[PDB]
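Student: Below is coords08.cif; it holds mmCIF, C-alpha atoms and all ligand atoms; chains and numbers go by the auth columns.
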data_protein
loop_
_atom_site.group_PDB
_atom_site.id
_atom_site.type_symbol
_atom_site.label_atom_id
_atom_site.label_comp_id
_atom_site.label_asym_id
_atom_site.label_seq_id
_atom_site.Cartn_x
_atom_site.Cartn_y
_atom_site.Cartn_z
_atom_site.B_iso_or_equiv
_atom_site.auth_seq_id
_atom_site.auth_asym_id
ATOM 1 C CA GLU A 1 10.578 -13.730 -25.022 0.00 4 A
ATOM 2 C CA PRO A 2 13.235 -12.616 -22.534 0.00 5 A
ATOM 3 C CA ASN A 3 15.098 -15.448 -20.778 0.00 6 A
ATOM 4 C CA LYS A 4 16.226 -15.646 -17.099 0.00 7 A
ATOM 5 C CA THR A 5 19.691 -14.178 -17.654 0.00 8 A
ATOM 6 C CA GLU A 6 18.257 -11.260 -19.679 0.00 9 A
ATOM 7 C CA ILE A 7 15.662 -10.536 -16.915 0.00 10 A
ATOM 8 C CA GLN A 8 18.223 -10.900 -14.083 0.00 11 A
ATOM 9 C CA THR A 9 20.908 -8.883 -15.837 0.00 12 A
ATOM 10 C CA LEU A 10 18.499 -6.020 -16.484 0.00 13 A
ATOM 11 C CA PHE A 11 17.136 -5.874 -12.918 0.00 14 A
ATOM 12 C CA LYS A 12 20.625 -5.959 -11.434 0.00 15 A
ATOM 13 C CA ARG A 13 21.363 -2.804 -13.465 0.00 16 A
ATOM 14 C CA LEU A 14 18.041 -1.139 -12.482 0.00 17 A
ATOM 15 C CA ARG A 15 18.156 -1.998 -8.789 0.00 18 A
ATOM 16 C CA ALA A 16 21.734 -0.662 -8.623 0.00 19 A
ATOM 17 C CA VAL A 17 20.368 2.869 -9.309 0.00 20 A
ATOM 18 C CA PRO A 18 20.250 4.575 -5.875 0.00 21 A
ATOM 19 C CA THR A 19 16.793 6.088 -6.429 0.00 22 A
ATOM 20 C CA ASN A 20 15.515 2.496 -7.145 0.00 23 A
ATOM 21 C CA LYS A 21 16.795 1.383 -3.745 0.00 24 A
ATOM 22 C CA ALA A 22 13.949 3.029 -1.802 0.00 25 A
ATOM 23 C CA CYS A 23 10.245 1.956 -2.117 0.00 26 A
ATOM 24 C CA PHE A 24 8.269 4.375 -4.302 0.00 27 A
ATOM 25 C CA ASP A 25 5.435 4.575 -1.782 0.00 28 A
ATOM 26 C CA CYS A 26 7.041 4.316 1.673 0.00 29 A
ATOM 27 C CA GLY A 27 10.821 4.638 1.161 0.00 30 A
ATOM 28 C CA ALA A 28 11.702 1.210 2.580 0.00 31 A
ATOM 29 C CA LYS A 29 15.070 -0.184 1.515 0.00 32 A
ATOM 30 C CA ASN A 30 15.742 -2.559 -1.317 0.00 33 A
ATOM 31 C CA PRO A 31 12.290 -2.823 -3.024 0.00 34 A
ATOM 32 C CA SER A 32 12.133 -6.053 -5.050 0.00 35 A
ATOM 33 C CA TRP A 33 8.544 -5.745 -6.304 0.00 36 A
ATOM 34 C CA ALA A 34 7.422 -3.762 -9.365 0.00 37 A
ATOM 35 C CA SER A 35 4.300 -1.966 -10.420 0.00 38 A
ATOM 36 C CA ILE A 36 4.802 -2.346 -14.162 0.00 39 A
ATOM 37 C CA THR A 37 2.009 0.212 -14.704 0.00 40 A
ATOM 38 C CA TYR A 38 4.210 3.055 -13.314 0.00 41 A
ATOM 39 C CA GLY A 39 7.642 1.461 -13.867 0.00 42 A
ATOM 40 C CA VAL A 40 8.281 1.649 -10.119 0.00 43 A
ATOM 41 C CA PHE A 41 9.924 -0.499 -7.417 0.00 44 A
ATOM 42 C CA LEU A 42 7.935 -1.268 -4.261 0.00 45 A
ATOM 43 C CA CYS A 43 8.711 -3.072 -0.989 0.00 46 A
ATOM 44 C CA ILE A 44 6.824 -6.283 -0.185 0.00 47 A
ATOM 45 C CA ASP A 45 4.307 -4.504 2.130 0.00 48 A
ATOM 46 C CA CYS A 46 3.423 -1.952 -0.511 0.00 49 A
ATOM 47 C CA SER A 47 3.141 -4.671 -3.124 0.00 50 A
ATOM 48 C CA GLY A 48 0.291 -5.999 -0.989 0.00 51 A
ATOM 49 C CA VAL A 49 -1.344 -2.558 -0.757 0.00 52 A
ATOM 50 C CA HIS A 50 -1.187 -2.361 -4.582 0.00 53 A
ATOM 51 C CA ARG A 51 -3.002 -5.704 -4.892 0.00 54 A
ATOM 52 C CA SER A 52 -6.026 -4.050 -3.262 0.00 55 A
ATOM 53 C CA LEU A 53 -5.985 -1.314 -5.916 0.00 56 A
ATOM 54 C CA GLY A 54 -6.687 -3.945 -8.625 0.00 57 A
ATOM 55 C CA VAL A 55 -4.873 -4.752 -11.866 0.00 58 A
ATOM 56 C CA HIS A 56 -6.369 -1.876 -13.770 0.00 59 A
ATOM 57 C CA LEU A 57 -4.839 0.637 -11.341 0.00 60 A
ATOM 58 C CA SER A 58 -1.597 -1.315 -10.617 0.00 61 A
ATOM 59 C CA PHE A 59 -0.086 -4.420 -12.264 0.00 62 A
ATOM 60 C CA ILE A 60 2.303 -5.991 -9.688 0.00 63 A
ATOM 61 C CA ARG A 61 5.073 -8.524 -10.369 0.00 64 A
ATOM 62 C CA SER A 62 8.198 -9.564 -8.481 0.00 65 A
ATOM 63 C CA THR A 63 11.525 -8.583 -10.014 0.00 66 A
ATOM 64 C CA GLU A 64 13.113 -11.563 -8.223 0.00 67 A
ATOM 65 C CA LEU A 65 10.669 -14.421 -7.809 0.00 68 A
ATOM 66 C CA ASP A 66 8.836 -14.205 -11.106 0.00 69 A
ATOM 67 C CA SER A 67 10.287 -14.936 -14.522 0.00 70 A
ATOM 68 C CA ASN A 68 7.060 -14.192 -16.437 0.00 71 A
ATOM 69 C CA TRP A 69 8.407 -10.863 -17.749 0.00 72 A
ATOM 70 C CA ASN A 70 7.895 -9.916 -21.412 0.00 73 A
ATOM 71 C CA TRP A 71 10.022 -7.299 -23.245 0.00 74 A
ATOM 72 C CA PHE A 72 7.340 -4.589 -23.008 0.00 75 A
ATOM 73 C CA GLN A 73 7.084 -5.047 -19.258 0.00 76 A
ATOM 74 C CA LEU A 74 10.865 -4.937 -18.825 0.00 77 A
ATOM 75 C CA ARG A 75 11.111 -1.775 -20.962 0.00 78 A
ATOM 76 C CA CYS A 76 8.378 -0.071 -18.748 0.00 79 A
ATOM 77 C CA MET A 77 10.819 -0.603 -15.835 0.00 80 A
ATOM 78 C CA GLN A 78 13.713 0.856 -17.837 0.00 81 A
ATOM 79 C CA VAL A 79 11.947 3.969 -19.221 0.00 82 A
ATOM 80 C CA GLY A 80 10.384 4.406 -15.783 0.00 83 A
ATOM 81 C CA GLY A 81 12.200 4.049 -12.479 0.00 84 A
ATOM 82 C CA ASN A 82 11.378 5.659 -9.185 0.00 85 A
ATOM 83 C CA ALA A 83 13.124 8.994 -9.861 0.00 86 A
ATOM 84 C CA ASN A 84 11.138 9.579 -13.075 0.00 87 A
ATOM 85 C CA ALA A 85 7.827 8.673 -11.331 0.00 88 A
ATOM 86 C CA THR A 86 8.475 10.785 -8.245 0.00 89 A
ATOM 87 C CA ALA A 87 9.241 13.813 -10.409 0.00 90 A
ATOM 88 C CA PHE A 88 6.238 13.281 -12.690 0.00 91 A
ATOM 89 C CA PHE A 89 3.791 12.813 -9.880 0.00 92 A
ATOM 90 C CA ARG A 90 4.775 16.017 -7.993 0.00 93 A
ATOM 91 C CA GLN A 91 5.033 17.962 -11.259 0.00 94 A
ATOM 92 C CA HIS A 92 1.411 16.955 -12.068 0.00 95 A
ATOM 93 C CA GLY A 93 0.024 17.894 -8.640 0.00 96 A
ATOM 94 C CA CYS A 94 0.236 14.642 -6.697 0.00 97 A
ATOM 95 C CA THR A 95 2.282 14.362 -3.505 0.00 98 A
ATOM 96 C CA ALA A 96 -0.358 12.249 -1.658 0.00 99 A
ATOM 97 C CA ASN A 97 1.061 9.420 0.470 0.00 100 A
ATOM 98 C CA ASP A 98 -2.186 7.463 0.683 0.00 101 A
ATOM 99 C CA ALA A 99 -2.216 4.776 -2.073 0.00 102 A
ATOM 100 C CA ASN A 100 -5.890 5.093 -2.950 0.00 103 A
ATOM 101 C CA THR A 101 -5.530 8.877 -3.367 0.00 104 A
ATOM 102 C CA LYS A 102 -2.141 8.644 -5.061 0.00 105 A
ATOM 103 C CA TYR A 103 -3.065 6.081 -7.716 0.00 106 A
ATOM 104 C CA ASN A 104 -6.452 7.616 -8.576 0.00 107 A
ATOM 105 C CA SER A 105 -4.764 11.028 -9.043 0.00 108 A
ATOM 106 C CA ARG A 106 -4.723 12.828 -12.408 0.00 109 A
ATOM 107 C CA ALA A 107 -0.913 12.464 -12.275 0.00 110 A
ATOM 108 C CA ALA A 108 -1.180 8.647 -11.934 0.00 111 A
ATOM 109 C CA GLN A 109 -3.597 8.528 -14.881 0.00 112 A
ATOM 110 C CA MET A 110 -1.349 10.600 -17.111 0.00 113 A
ATOM 111 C CA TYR A 111 1.743 8.665 -16.004 0.00 114 A
ATOM 112 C CA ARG A 112 0.413 5.169 -16.827 0.00 115 A
ATOM 113 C CA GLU A 113 -0.262 6.496 -20.358 0.00 116 A
ATOM 114 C CA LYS A 114 3.268 7.964 -20.563 0.00 117 A
ATOM 115 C CA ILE A 115 4.790 4.694 -19.385 0.00 118 A
ATOM 116 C CA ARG A 116 2.864 2.670 -22.033 0.00 119 A
ATOM 117 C CA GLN A 117 3.999 5.112 -24.741 0.00 120 A
ATOM 118 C CA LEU A 118 7.656 5.191 -23.722 0.00 121 A
ATOM 119 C CA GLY A 119 7.695 1.449 -23.069 0.00 122 A
ATOM 120 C CA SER A 120 6.224 0.819 -26.530 0.00 123 A
ATOM 121 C CA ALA A 121 8.716 3.235 -28.153 0.00 124 A
ATOM 122 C CA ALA A 122 11.543 1.359 -26.366 0.00 125 A
ATOM 123 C CA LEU A 123 10.865 -1.914 -28.226 0.00 126 A
ATOM 124 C CA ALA A 124 13.153 -3.022 -31.107 0.00 127 A
HETATM 125 ZN ZN ZN B . 6.843 0.410 0.612 0.00 201 M
#
Represent the structure of the file as C-alpha cells.
Ligand SMILES: [Zn+2]

Tutor:
Amino acid sequence: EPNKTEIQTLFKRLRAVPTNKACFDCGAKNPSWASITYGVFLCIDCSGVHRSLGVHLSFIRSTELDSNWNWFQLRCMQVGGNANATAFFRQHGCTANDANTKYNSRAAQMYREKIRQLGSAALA
C-alpha cells in the first residue's frame, strides 16, 4: 500500500499542474480535496457539496489530511485531473454548474466508468 512519502510526492506533482489549481466545480484556488470518482480536485466548500451527492455519485477524500489512499485511488487522480474531466464533460454534453445536475449527467456516468478503466489499466 502506498506510504506517506509516495502519496505526498505524487500530489505535489499533480497539484503543480495549473489546471489542477482551480476547483473543478467553482474555480476556487488551490483545491486540496479530491473526488476520486472523477479524478478531480475540489475546494473545501465543494467537497461538502459532494458529500450530499452520496458515495455512489462522488467518493471524496482529502489529498492533504488523509493518508488512506490506495494505489488505484492515486492512479484515478493521475489518469484524471481537472483538464481531462472538464474536456470530457463538455464533449459529452454537460456544462451544467449545478452539482446535482452535473453529477447525474450522462457525461458524469460515462466518465466515472472511464476513470475506473484508465485507473485500473494504470496499475503495475
Ligand atoms: Zn469549489

Student: Given the choices A:40, A:73, A:50, A:12, which gets closest to ligand ZN 201 (chain M) if the distance is worked out from all atoms listed in the file?

Tutor: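 Looking only at the distances to ligand ZN 201 (chain M), the closest residue turns out to be A:50.
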
Student: Just want the residues within 7 Å of ligand ZN 201 (chain M), written as an mmCIF file with C-alpha atoms, in the frame of the given file, counting only C-alpha atoms and all ligand atoms.

Tutor:
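So the final result, stored in selection.cif, reads:
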data_model
loop_
_atom_site.group_PDB
_atom_site.id
_atom_site.type_symbol
_atom_site.label_atom_id
_atom_site.label_comp_id
_atom_site.auth_asym_id
_atom_site.auth_seq_id
_atom_site.Cartn_x
_atom_site.Cartn_y
_atom_site.Cartn_z
ATOM 1 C CA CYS A 26 10.245 1.956 -2.117
ATOM 2 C CA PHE A 27 8.269 4.375 -4.302
ATOM 3 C CA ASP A 28 5.435 4.575 -1.782
ATOM 4 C CA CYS A 29 7.041 4.316 1.673
ATOM 5 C CA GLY A 30 10.821 4.638 1.161
ATOM 6 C CA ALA A 31 11.702 1.210 2.580
ATOM 7 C CA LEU A 45 7.935 -1.268 -4.261
ATOM 8 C CA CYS A 46 8.711 -3.072 -0.989
ATOM 9 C CA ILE A 47 6.824 -6.283 -0.185
ATOM 10 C CA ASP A 48 4.307 -4.504 2.130
ATOM 11 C CA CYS A 49 3.423 -1.952 -0.511
#

Student: I'd like a table as JSON lines: residues in segment 30-94 of chain A with an atom no more than 9 Å from segment 102-116 of chain A, each row giving the shortest atom pair and its distance in Å to one decimal, only C-alpha atoms counted, sorted by chain and rising residue number.

Tutor:
{"residue": "A:40", "atom": "CA", "partner": "A:115", "partner_atom": "CA", "distance": 5.6}
{"residue": "A:41", "atom": "CA", "partner": "A:115", "partner_atom": "CA", "distance": 5.6}
{"residue": "A:42", "atom": "CA", "partner": "A:115", "partner_atom": "CA", "distance": 8.6}
{"residue": "A:49", "atom": "CA", "partner": "A:102", "partner_atom": "CA", "distance": 8.9}
{"residue": "A:52", "atom": "CA", "partner": "A:102", "partner_atom": "CA", "distance": 7.5}
{"residue": "A:53", "atom": "CA", "partner": "A:102", "partner_atom": "CA", "distance": 7.6}
{"residue": "A:56", "atom": "CA", "partner": "A:103", "partner_atom": "CA", "distance": 7.1}
{"residue": "A:60", "atom": "CA", "partner": "A:106", "partner_atom": "CA", "distance": 6.8}
{"residue": "A:61", "atom": "CA", "partner": "A:106", "partner_atom": "CA", "distance": 8.1}
{"residue": "A:88", "atom": "CA", "partner": "A:114", "partner_atom": "CA", "distance": 7.7}
{"residue": "A:91", "atom": "CA", "partner": "A:110", "partner_atom": "CA", "distance": 7.2}
{"residue": "A:92", "atom": "CA", "partner": "A:110", "partner_atom": "CA", "distance": 5.3}
{"residue": "A:93", "atom": "CA", "partner": "A:110", "partner_atom": "CA", "distance": 8.0}
{"residue": "A:94", "atom": "CA", "partner": "A:110", "partner_atom": "CA", "distance": 8.2}

Student: Expressed in Å to a single decimal, how great is the separation between atom CA of residue 33 of chain A and atom CA of residue 51 of chain A?

Tutor: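 Taking atom CA of residue 33 of chain A and atom CA of residue 51 of chain A, their separation equals 15.8 Å.
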
Student: What do you get, as number ranges by chain, if you spell out every residue that the PyMOL selection byres (((chain A and resi 69) around 12) and not hetatm) selects here?

Tutor: A: 6-7, 10-11, 14, 35-37, 63-68, 70-73

Student: On this file, the PyMOL selection byres (((chain A and resi 23) around 9) and not hetatm) gives some set of residues; write that set as a ChimeraX atom specification.

Tutor: /A:17-22,24-27,33-34,43-45,84-86

Student: Which residue, A:78, A:32, A:95, A:16, has the smallest gap to residue 118 of chain A when you use all atoms listed in the file?

Tutor: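 That would be A:78, the residue with the smallest distance to residue 118 of chain A.
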
Student: Under the rule that only C-alpha atoms are counted, which of A:58, A:38, A:13, A:76 is the nearest residue to residue 123 of chain A?

Tutor: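 Using only C-alpha atoms, the shortest distance to residue 123 of chain A belongs to A:76.
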